[PDB]
Each structure stands twice: as C-alpha cells, then as structure tokens.
Amino acid sequence: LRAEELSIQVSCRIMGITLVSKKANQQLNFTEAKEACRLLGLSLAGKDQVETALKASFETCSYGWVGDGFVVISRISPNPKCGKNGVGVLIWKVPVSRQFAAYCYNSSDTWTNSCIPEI
Ligand SMILES: *[C@@H]1O[C@H](CO)[C@@H](O)[C@H](O)[C@H]1NC(C)=O
Ligand SMILES: *[C@@H]1O[C@H](CO)[C@@H](O)[C@H](O)[C@H]1NC(C)=O
Ligand SMILES: *[C@@H]1O[C@H](CO)[C@@H](O)[C@H](O)[C@H]1NC(C)=O
C-alpha cells in the first residue's frame with residue numbers, strides 16, 4: 001500500500017477521527033486499513049473512539065475498519081442506505097479480508113472539531 005493511493009475523506013476531524021479510503025476501485029482490508037492510518041501518522045481508531053466522535057456529531061455513510069477487528073458506521077440521522085436506517089455507531093462483523101474504508105484517530109487533536117478553535 002502506497003500513501004499516494006489514499007483519500008482523506010474528512011478534513012475537519014471530530015474528536016480526532018477521520019475517514020480514509022482508497023482512490024481505486026478496491027478498498028482496504030483490515031491489515032491495509034491499519035497501514036493506511038500508519039502511513040498518515042495516525043492509528044486505526046477503536047469503536048469507542050468513533051462513539052466519542054459521534055457524540056460530537058461525526059457522521060459517515062461508509063463502513064470502515066476499527067482496531068477492534070470489525071467495521072462500523074457512524075450515524076446521526078436514519079438513512080436506509082447507511083447502516084440500515086439506524087443511528088449510533090453500528091457494528092458489522094466481516095472477514096478481515098473484506099475491503100472497506102478506515103477510521104483513523106489523531107491523538108494530537110485537542111479540539112472537538114479540528115477546524116474550530118476551542119478553549
Ligand atoms: C467542523 O467544522 C467545519 C468547519 O466549519 C464544519 O463545516 C463542520 O460541519 C464541523 N463539523 C462538526 C461535526 O461540527
Ligand atoms: C490484505 O491485503 C493485502 C494486500 O495489500 C494482502 O497481502 C493481505 O494478505 C490481505 N489480508 C487478508 C486477511 O486477506
Ligand atoms: C493531528 O492534528 C494536528 C492538529 O491538531 C496536526 O497538526 C497533525 O498533523 C495531525 N496528525 C498528524 C500525524 O499529522
């Protein structure tokens with residue numbers, strides 16, 4: 001996996017969280033998801049860290065790997081095409097060979113929204 005084949009799909013990180021995917025037609029298996037975050041200087045987020053981001057209204061319509069070894073989606077408002085209309089951080093247990101996006105975590109972030117200065 002090469003860094004140049006990655007897409008960063010959240011520029012304003014919410015509680016340290018971004019979503020990373022691959023510019024190509026295949027996405028990231030579990031090993032590749034960890035590598036994608038590592039190449040960016042980030043760790044693969046845990047589900048608990050995505051829940052913390054959801055509390056700050058982080059939302060996606062992509063399943064992505066977390067370090068717990070399954071994929072999650074972060075939902076604020078129900079949509080039938082995103083986590084089967086659920087809200088929450090929803091878990092889908094898939095083979096580690098299955099390709100999805102990756103949730104990466106940036107521990108250096110100290111603001112709730114990295115685009116919004118806070119005291
Ligand atoms: C984070 O900040 C950006 C920049 O204003 C904004 O567009 C985005 O909606 C914010 N996200 C959240 C979850 O507050
Ligand atoms: C994940 O993909 C890589 C190719 O980048 C491959 O070497 C590895 O075996 C794959 N892992 C699984 C569990 O299939
Ligand atoms: C994490 O976010 C900070 C800003 O809070 C940024 O300066 C830094 O580059 C990010 N992490 C990495 C590995 O770049």
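Side chains included, hydrogens not; waters and symmetry mates left out as well; all remaining heavy atoms used. Count residues from 1 along the sequence. Order of listing sets the numbers, starting from 1, for every ligand and every atom in it.
- Atom 14 (O) of ligand 3 is never approached by the protein to below 4.0 angstrom, counting heavy atoms only.
- For atom 4 (C) of ligand 1, the closest heavy atom belonging to the protein is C115 CB, 3.8 Å.
- Close approach of ligand 3 to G41 (heavy-atom distance below 4.0 Å) involves ligand atoms 13 (C).
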Checklist line | Verdict with supporting geometry, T60 and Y103, side chain to side chain donor-acceptor pair (under 3.5 Å) | finding: CA-CA 10 Å; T60 67; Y103 292 94; 2.7 Å; yes

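- For ligand 3, one of its N or O atoms has an N or O atom of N106 under 3.5 Å away.
- Ligand 2 has a nitrogen or oxygen under 3.5 angstrom from a nitrogen or oxygen of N29.
- Within the 4.0 angstrom cut-off, atom 11 (N) of ligand 3 has one or more protein heavy-atom neighbours.
- With hydrogens left out, the protein atom closest to atom 5 (O) of ligand 3 is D109 OD1, 2.7 Å, a heavy atom.
- Of the charged side-chain nitrogens involved, none lies within less than 4.0 Å of a carboxylate oxygen, so that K47 and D68 do not count as a salt-bridged pair.
- Short contacts between ligand 1 and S57, defined as distances under 4.0 Å to a heavy atom of the residue, involve ligand atoms 13 (C).
- Below 30°, between 30° and 60°, or above 60°: for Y63 and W92 the angle between ring planes is above 60°, a perpendicular geometry.
- Looking only at side-chain heavy atoms (C-beta outward), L19 and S62 come within less than 4.5 Å of each other.
- Taking atom 7 (O) of ligand 3 as the reference point, the nearest protein heavy-atom neighbour is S108 OG, 5.0 Å.
- Note: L39 CG to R2 CZ = 11.0 Å, rounded to the nearest 0.5 Å.
- In this model, no donor atom of one side chain and acceptor atom of the other lie less than 3.5 Å apart for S77 and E59.
- Of all protein heavy atoms, the one closest to atom 8 (C) of ligand 1 is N113 ND2, 3.8 Å.
- Residue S97 places no N or O, backbone or side chain, under 3.5 Å from any N or O of ligand 2.
- Within ligand 1, counting atoms from 1 as listed, the ones closer than 4.0 Å to a heavy atom of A56 are 13 (C).
- The proximity of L40 to ligand 3, defined as any non-hydrogen pair under 4.0 Å, is limited to the backbone.
- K93 is listed as a side-chain neighbour of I91, based on a closest heavy-atom distance under 4.5 Å.
- The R13 neighbourhood of ligand 3 comprises atoms 1 (C), 2 (O), 3 (C), 4 (C), with distances under 4.0 Å to a heavy atom of that residue.
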